[PDB]
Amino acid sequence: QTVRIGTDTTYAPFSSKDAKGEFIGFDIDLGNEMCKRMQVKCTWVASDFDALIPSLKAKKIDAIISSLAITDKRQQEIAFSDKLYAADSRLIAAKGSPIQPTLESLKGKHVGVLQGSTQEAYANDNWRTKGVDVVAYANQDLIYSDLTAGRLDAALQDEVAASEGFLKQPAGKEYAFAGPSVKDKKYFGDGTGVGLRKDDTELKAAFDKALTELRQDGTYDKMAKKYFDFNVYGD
């Protein structure tokens, strides 16, 4: 039909808006390229990240492309395409900060996470319970803003989003990663994928076919090179 694809546009370089409100980023490029090969029209629909799976279940959108990690919990509720790219999580803080992604370091500190994210799940279970002030936000822009305002000591999000979308931008010049990637298979998933209703077998097959084809002919790498000088796909 027309495939309606939901995304949250506060996660550069994967999904954001340009100065005239056009959606831009690697998620947008992947979605548009897949749609072309599937020979379908696609309409992008912006929403808060935590609204994406509910909107999909409610049939207000037909697909999610929004750095949506493929997790065990989410697969109980929806289906996923094959992996679009890998996504590790990592903390950021002010440059020179001693902060580490540990309870010892973070107890009593204010740590921002995106509401509805794997980072929120991780932080709520491991940090909020034990006395870290975990603050959950409607979108990632509010997090970066509250961090630069000094209201947050740190923020947890996807590593590549933080790096390319903030640290390497003027806004994040005085900030840096605090500690290494936070690796936990119980939480952050096995890369990201197109989120789909479980019964939409045909639509999943179509996305999967287009994805294989655009990876195979080198289009994936061509598009990825616009944003990344490393292997974003992973293994």
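Residue numbers here begin at 1 and follow the sequence given.
The question of which stretch, 62 to 70 or 204 to 212, has the higher mean Cα B factor is settled in favour of 204 to 212. Of the two segments, 11 to 19 and 220 to 228, the one listed with the higher mean B-factor is 220 to 228 (C-alpha atoms only).
Highest C-alpha temperature factor among 54, 31, 172, 189, as the PDB entry reports it: 172. By the numbers in the PDB entry, the CA B factor is greatest at 149 among 149, 138, 156, 87.
Among the modelled residues of the chain, residue 94 sits in the highest third by CA temperature factor in this PDB entry. Per the PDB record, residue ranking by Cα B-factor puts residue 76 in the highest third of the chain.
When all modelled residues of the chain are sorted by CA temperature factor, residue 132 is found within the middle third.
Annotation for residue 121: CA B-factor lies in the middle third of the chain's modelled residues.
Remark: residue 183 belongs to the highest third of its chain, ranked by C-alpha B-factor as recorded.
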